Structure formats: C-alpha cells, structure tokens
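Step one of this worksheet: look at the structure below.
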Amino acid sequence: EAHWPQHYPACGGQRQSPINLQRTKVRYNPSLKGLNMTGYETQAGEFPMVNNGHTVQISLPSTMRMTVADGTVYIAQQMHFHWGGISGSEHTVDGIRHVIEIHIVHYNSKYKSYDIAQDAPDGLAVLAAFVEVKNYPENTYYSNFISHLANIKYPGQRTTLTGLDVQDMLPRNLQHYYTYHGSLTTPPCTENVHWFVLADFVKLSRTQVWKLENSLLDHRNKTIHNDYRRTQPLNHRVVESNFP
Ligand SMILES: [Mg+2]
C-alpha cells in the first residue's frame, strides 16, 4: 500500500480515500439540500448478484439516479459491501470503524458509459452507509438478498433477484449526509469520486451480519475477509454536511 504511488501515480495524490470523518471538523453547508434520489423504491425487475472474489455486487438499473447540489446527475451502476468478521468499513467516524459499509456506485450522466466515466474528471459518485449491530431484529429488506448468498458461494457464481428495494436497504433517514471529494480506495486510486456518507446507520441483526461475513469464498477458496486501505489525510479538503 506504501508502494502504490510508484506505478499508480494517482495513489500519491492529495485527495485520497477513505478518510476518518472527524465531526468536530465538519463544515455545515446550508446550500446543500437533499440527495434528490429517484427510482430506488421497491420494484420488480432483474437484479444480478455476483460473488466477484472480493465482495457481493448487485447490478442496478439506470433508472436509479441522484442529483447533487450543482445539478449534476449520477446514474446508479452497482451496490456492494465491505465487511470484516471491528474491521469492516473503509471509512471511520471519530476513529470508530463499523462492521459493514455499503457502497452504491454511480457515474456522471454527462458520460455515455460507466467505463468512460471511470477515467473522467467528476466521473463517479458513491453513496456510503454504515451498518450498526446491537440487539436489532432481522432487517426485512435484506431477507431475500441474504438468503441468496448461499447461491454464490464460489467466485464468479451469479444469481438473480426479481425485485428489490434499494431505498429501504439504506438507512431510514436519507436526508442527512457528509460529503467530500476523494478517490477510489484501490489502484489506480483515481481522484474522481464524489463521496456521500450518510449520517444515519442501517440496522442489521447479528445473524444477518454473520451470514454476510461467512457466506462467500474467494479465488483461493478461503472465506472472504479482506484488508481495507488505511484512512488517508484530508490535506486541503474540508468535509461538509447538509445539517448543523
Ligand atoms: Mg466500495
């Protein structure tokens, strides 16, 4: 990880992710309003779910879109999860690492495809949310998804869901968030990712968390439990919030 900038120059940049969010250093920006999400509600349709060797990824339709403060529209591409089995999340908050972090990856609609956007300035945006566990009951919006993990145990296996509710897989409060400009968390570490980190958490049961952490195998046939990149310096960035 120390070596990344040798061959991937963006990794030696000033706007790298993930970061630790220190809440005392966050700036309230009243001109930030909502994420303006449309098309994420419960719907029928085909939602491919794959074990890619590193995570489970769910492909999303291009009718899922969010509009940021300046009017840029970002198109949903895929959703995936970061876990440990606390060693799960990439981002930390006030030094606290969470059990799982959920990422919805979007691309800027000014580009013709995800693949073009990935190498473009302002090409990407990620909606991120943490999971919290306590003594919560089963989160019913995860029940089908969790049940299908058993079908993609080996890398490259795929399964479909014919209905999903992405909005209600996210935290109950979708109004409040932190935002900053950052990068991919692995090489090539491209610095074109607008991050939105939700303030509210997703509640999962302990069993749900255990199943996510213990269901999938990697290419070496071992249970998936991968090393996060350390948090990176803010440098000249200031994390902003759309609430006091
Ligand atoms: Mg991710």
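Within each chain, counting starts at residue 1; across the structure tokens, chains are named A, B, ... in the order shown, with ligands numbered 1 upward in that order.
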Which protein, DNA or RNA residues have an atom within 10 Å of ligand 1, counting only C-alpha atoms and all ligand atoms, as a ChimeraX atom specification? /A:18,55,57,78-82,89-90,101-105,126-128,184-186,228
Those same residues, written as a JSON list (two decimals), in the first residue's frame with N, CA and C atoms?
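Result written to result.json:
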[["chain", "number", "residue", "atom", "x", "y", "z"],
["A", 18, "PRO", "N", -9.99, 5.94, 1.76],
["A", 18, "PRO", "CA", -11.02, 6.50, 2.61],
["A", 18, "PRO", "C", -10.38, 7.47, 3.57],
["A", 55, "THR", "N", -16.18, -9.23, -3.18],
["A", 55, "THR", "CA", -17.38, -8.80, -2.49],
["A", 55, "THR", "C", -18.61, -9.49, -3.15],
["A", 57, "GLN", "N", -21.65, -8.12, -5.32],
["A", 57, "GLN", "CA", -22.08, -6.95, -6.06],
["A", 57, "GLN", "C", -23.42, -7.18, -6.73],
["A", 78, "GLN", "N", -23.97, -0.05, -9.52],
["A", 78, "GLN", "CA", -23.83, -1.27, -8.72],
["A", 78, "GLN", "C", -23.75, -0.92, -7.24],
["A", 79, "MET", "N", -24.15, -1.90, -6.44],
["A", 79, "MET", "CA", -24.08, -1.84, -5.00],
["A", 79, "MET", "C", -23.23, -3.00, -4.48],
["A", 80, "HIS", "N", -22.38, -2.72, -3.51],
["A", 80, "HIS", "CA", -21.56, -3.79, -2.90],
["A", 80, "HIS", "C", -21.26, -3.46, -1.46],
["A", 81, "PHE", "N", -20.57, -4.36, -0.78],
["A", 81, "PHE", "CA", -20.47, -4.30, 0.64],
["A", 81, "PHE", "C", -19.01, -4.52, 1.06],
["A", 82, "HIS", "N", -18.59, -3.82, 2.11],
["A", 82, "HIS", "CA", -17.28, -4.03, 2.72],
["A", 82, "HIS", "C", -17.48, -4.58, 4.11],
["A", 89, "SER", "N", -15.58, -1.56, 7.79],
["A", 89, "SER", "CA", -15.71, -0.36, 6.99],
["A", 89, "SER", "C", -14.34, 0.20, 6.54],
["A", 90, "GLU", "N", -14.37, 0.94, 5.43],
["A", 90, "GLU", "CA", -13.21, 1.64, 4.92],
["A", 90, "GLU", "C", -13.11, 2.99, 5.59],
["A", 101, "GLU", "N", -19.75, -1.55, 5.65],
["A", 101, "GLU", "CA", -20.06, -0.31, 4.91],
["A", 101, "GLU", "C", -20.64, -0.73, 3.56],
["A", 102, "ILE", "N", -21.74, -0.08, 3.20],
["A", 102, "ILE", "CA", -22.45, -0.32, 1.96],
["A", 102, "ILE", "C", -22.14, 0.82, 0.99],
["A", 103, "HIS", "N", -21.81, 0.48, -0.26],
["A", 103, "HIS", "CA", -21.49, 1.41, -1.31],
["A", 103, "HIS", "C", -22.41, 1.25, -2.49],
["A", 104, "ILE", "N", -23.05, 2.35, -2.87],
["A", 104, "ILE", "CA", -23.77, 2.42, -4.14],
["A", 104, "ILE", "C", -22.94, 3.33, -5.07],
["A", 105, "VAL", "N", -22.40, 2.74, -6.11],
["A", 105, "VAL", "CA", -21.53, 3.40, -7.05],
["A", 105, "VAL", "C", -22.36, 3.93, -8.22],
["A", 126, "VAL", "N", -20.22, 7.97, -5.00],
["A", 126, "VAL", "CA", -20.54, 6.82, -4.17],
["A", 126, "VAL", "C", -21.38, 7.29, -2.99],
["A", 127, "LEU", "N", -22.54, 6.68, -2.86],
["A", 127, "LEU", "CA", -23.35, 6.79, -1.65],
["A", 127, "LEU", "C", -22.92, 5.68, -0.65],
["A", 128, "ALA", "N", -22.50, 6.07, 0.54],
["A", 128, "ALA", "CA", -21.95, 5.11, 1.52],
["A", 128, "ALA", "C", -22.80, 5.16, 2.79],
["A", 184, "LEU", "N", -10.91, 6.47, -5.60],
["A", 184, "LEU", "CA", -11.03, 5.03, -5.42],
["A", 184, "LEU", "C", -10.13, 4.59, -4.27],
["A", 185, "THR", "N", -10.51, 3.55, -3.56],
["A", 185, "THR", "CA", -9.68, 3.06, -2.42],
["A", 185, "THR", "C", -8.67, 1.95, -2.75],
["A", 186, "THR", "N", -8.52, 1.66, -4.03],
["A", 186, "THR", "CA", -7.57, 0.70, -4.52],
["A", 186, "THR", "C", -7.00, 1.25, -5.84],
["A", 228, "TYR", "N", -8.75, -3.61, 4.30],
["A", 228, "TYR", "CA", -9.01, -2.22, 3.93],
["A", 228, "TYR", "C", -7.71, -1.41, 3.76]]
Kindly assemble as JSON lines a list of the stretch 2-69 of chain A residues that lie within 8 Å of stretch 230-244 of chain A, each paired with its nearest atom pair and their distance in Å to one decimal, using only C-alpha atoms, sorted first by chain and then by ascending residue number.
{"residue": "A:14", "atom": "CA", "partner": "A:235", "partner_atom": "CA", "distance": 6.3}
{"residue": "A:15", "atom": "CA", "partner": "A:234", "partner_atom": "CA", "distance": 6.9}
{"residue": "A:16", "atom": "CA", "partner": "A:232", "partner_atom": "CA", "distance": 6.1}
{"residue": "A:17", "atom": "CA", "partner": "A:232", "partner_atom": "CA", "distance": 5.9}
{"residue": "A:18", "atom": "CA", "partner": "A:231", "partner_atom": "CA", "distance": 5.0}
{"residue": "A:19", "atom": "CA", "partner": "A:231", "partner_atom": "CA", "distance": 4.4}
{"residue": "A:20", "atom": "CA", "partner": "A:231", "partner_atom": "CA", "distance": 5.9}
{"residue": "A:21", "atom": "CA", "partner": "A:239", "partner_atom": "CA", "distance": 7.5}
{"residue": "A:25", "atom": "CA", "partner": "A:239", "partner_atom": "CA", "distance": 7.4}
{"residue": "A:26", "atom": "CA", "partner": "A:239", "partner_atom": "CA", "distance": 5.1}
{"residue": "A:27", "atom": "CA", "partner": "A:240", "partner_atom": "CA", "distance": 4.6}
{"residue": "A:28", "atom": "CA", "partner": "A:241", "partner_atom": "CA", "distance": 4.8}
{"residue": "A:29", "atom": "CA", "partner": "A:242", "partner_atom": "CA", "distance": 5.5}
{"residue": "A:30", "atom": "CA", "partner": "A:242", "partner_atom": "CA", "distance": 5.9}
{"residue": "A:31", "atom": "CA", "partner": "A:242", "partner_atom": "CA", "distance": 7.5}
{"residue": "A:32", "atom": "CA", "partner": "A:242", "partner_atom": "CA", "distance": 5.1}
{"residue": "A:33", "atom": "CA", "partner": "A:242", "partner_atom": "CA", "distance": 6.2}
{"residue": "A:34", "atom": "CA", "partner": "A:242", "partner_atom": "CA", "distance": 7.9}
Point out the residue among A:148, A:199, A:46, A:143 with the least atom-to-atom distance to residue A:175, counting only C-alpha atoms.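 Ranking A:148, A:199, A:46, A:143 by distance to residue A:175, first place goes to A:199.
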One residue among A:147, A:173, A:24, A:135 is nearest to residue A:215 when using only C-alpha atoms, and that residue is A:147
Spatial neighbours of stretch 218-224 of chain A, max dist 9 Å, only C-alpha atoms, sep filter under 4 positions, as a PyMOL selection string: chain A and resi 51-55+83-84+153-155+213-214
Keeping only N, CA and C atoms, write those residues as a PDB file, in the first residue's frame.
ATOM      1  N   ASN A  51     -20.681 -12.986  -6.853  1.00  0.00           N
ATOM      2  CA  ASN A  51     -19.510 -13.065  -5.994  1.00  0.00           C
ATOM      3  C   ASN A  51     -18.347 -12.812  -6.956  1.00  0.00           C
ATOM      4  N   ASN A  52     -17.724 -11.655  -6.846  1.00  0.00           N
ATOM      5  CA  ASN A  52     -16.621 -11.298  -7.746  1.00  0.00           C
ATOM      6  C   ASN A  52     -15.257 -11.662  -7.182  1.00  0.00           C
ATOM      7  N   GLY A  53     -15.234 -12.417  -6.079  1.00  0.00           N
ATOM      8  CA  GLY A  53     -13.988 -12.799  -5.421  1.00  0.00           C
ATOM      9  C   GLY A  53     -13.618 -11.878  -4.287  1.00  0.00           C
ATOM     10  N   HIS A  54     -14.152 -10.665  -4.283  1.00  0.00           N
ATOM     11  CA  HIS A  54     -13.793  -9.677  -3.288  1.00  0.00           C
ATOM     12  C   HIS A  54     -15.016  -9.179  -2.539  1.00  0.00           C
ATOM     13  N   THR A  55     -16.180  -9.235  -3.181  1.00  0.00           N
ATOM     14  CA  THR A  55     -17.385  -8.800  -2.493  1.00  0.00           C
ATOM     15  C   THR A  55     -18.607  -9.488  -3.148  1.00  0.00           C
ATOM     16  N   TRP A  83     -16.857  -5.719   4.420  1.00  0.00           N
ATOM     17  CA  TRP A  83     -17.033  -6.332   5.768  1.00  0.00           C
ATOM     18  C   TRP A  83     -15.717  -6.915   6.267  1.00  0.00           C
ATOM     19  N   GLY A  84     -15.715  -7.275   7.547  1.00  0.00           N
ATOM     20  CA  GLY A  84     -14.603  -7.945   8.190  1.00  0.00           C
ATOM     21  C   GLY A  84     -15.060  -9.313   8.708  1.00  0.00           C
ATOM     22  N   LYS A 153     -21.598 -18.858  -3.423  1.00  0.00           N
ATOM     23  CA  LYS A 153     -20.525 -19.144  -2.504  1.00  0.00           C
ATOM     24  C   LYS A 153     -19.148 -19.087  -3.189  1.00  0.00           C
ATOM     25  N   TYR A 154     -19.071 -19.571  -4.431  1.00  0.00           N
ATOM     26  CA  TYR A 154     -17.797 -19.587  -5.171  1.00  0.00           C
ATOM     27  C   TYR A 154     -17.642 -18.381  -6.085  1.00  0.00           C
ATOM     28  N   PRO A 155     -16.394 -17.902  -6.251  1.00  0.00           N
ATOM     29  CA  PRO A 155     -16.173 -16.724  -7.057  1.00  0.00           C
ATOM     30  C   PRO A 155     -16.634 -16.927  -8.496  1.00  0.00           C
ATOM     31  N   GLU A 213     -20.760 -12.137   6.411  1.00  0.00           N
ATOM     32  CA  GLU A 213     -19.328 -12.321   6.614  1.00  0.00           C
ATOM     33  C   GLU A 213     -18.876 -13.750   6.355  1.00  0.00           C
ATOM     34  N   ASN A 214     -19.788 -14.710   6.413  1.00  0.00           N
ATOM     35  CA  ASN A 214     -19.364 -16.087   6.398  1.00  0.00           C
ATOM     36  C   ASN A 214     -19.923 -16.879   5.210  1.00  0.00           C
TER      37      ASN A 214
END
Excluding residue A:172 and residues on its chain fewer than 6 positions from it, collect all residues at most 8 Å away from it, counting only C-alpha atoms, and give them as a VMD selection string. chain A and resid 200 to 202
Per DSSP on the backbone, filter stretch 1-228 of chain A down to the residues in alpha helix (DSSP H) and report them as a count of residues only. 27
Work out how far atom CA of residue A:205 is from atom CA of residue A:140, in Å to one decimal.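 Separation between atom CA of residue A:140 and atom CA of residue A:205: 9.9 Å.
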Identify which of the residues A:229, A:110, A:211, A:91 lies closest to residue A:197, counting only C-alpha atoms when measuring atom-to-atom distances. A:91
Residues at most 10 Å from residue A:152, counting only C-alpha atoms, excluding those fewer than 6 positions away in the same chain, as number ranges by chain? A: 49-52, 56, 158-159, 215-217
Could you please take those selected residues and save N, CA and C atoms as a compact mmCIF listing (two decimals), in the first residue's frame?
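Output contents, as saved in out-v8.txt:
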# COMPACT_ATOMS: atom_id res chain seq x y z
N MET A 49 -26.74 -10.57 -8.96
CA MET A 49 -25.96 -10.53 -7.73
C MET A 49 -24.84 -11.55 -7.95
N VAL A 50 -23.60 -11.11 -7.79
CA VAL A 50 -22.40 -11.92 -8.12
C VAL A 50 -21.35 -11.87 -7.02
N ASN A 51 -20.68 -12.99 -6.85
CA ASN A 51 -19.51 -13.06 -5.99
C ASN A 51 -18.35 -12.81 -6.96
N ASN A 52 -17.72 -11.65 -6.85
CA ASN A 52 -16.62 -11.30 -7.75
C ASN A 52 -15.26 -11.66 -7.18
N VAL A 56 -19.79 -9.23 -2.61
CA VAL A 56 -21.01 -9.44 -3.41
C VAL A 56 -21.40 -8.11 -4.01
N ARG A 158 -23.26 -16.50 -9.90
CA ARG A 158 -24.20 -15.42 -10.05
C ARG A 158 -25.59 -15.94 -9.77
N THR A 159 -26.45 -15.05 -9.34
CA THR A 159 -27.81 -15.38 -9.05
C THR A 159 -28.59 -14.11 -9.34
N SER A 215 -20.47 -16.21 4.21
CA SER A 215 -21.11 -16.96 3.13
C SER A 215 -20.28 -17.16 1.87
N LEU A 216 -19.39 -16.23 1.58
CA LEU A 216 -18.70 -16.22 0.28
C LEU A 216 -17.25 -16.65 0.42
N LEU A 217 -16.77 -17.42 -0.56
CA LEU A 217 -15.35 -17.81 -0.68
C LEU A 217 -14.67 -16.98 -1.79
Computed gap from atom CA of residue A:210 to atom CA of residue A:61 is 28.3 Å
Atom CA of residue A:163 to atom CA of residue A:196, distance in Å rounded to a single decimal: 25.4 Å
Which of these, A:133, A:146, A:117, A:60, has the shortest distance to residue A:44 once you count only C-alpha atoms?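 Among the listed residues, the smallest separation from residue A:44 belongs to A:60.
Distances from A:180, A:74, A:4, A:111 to residue A:35 were compared using only C-alpha atoms, and the smallest one belongs to A:74.
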Residues of stretch 31-230 of chain A classed as strand (DSSP E or B) by DSSP on the backbone are to be reported as number ranges by chain. A: 37-38, 43-51, 56-59, 65-67, 73-83, 92-93, 96-97, 100-108, 124-132, 158-164, 177-182, 193-198, 202-203, 217, 223
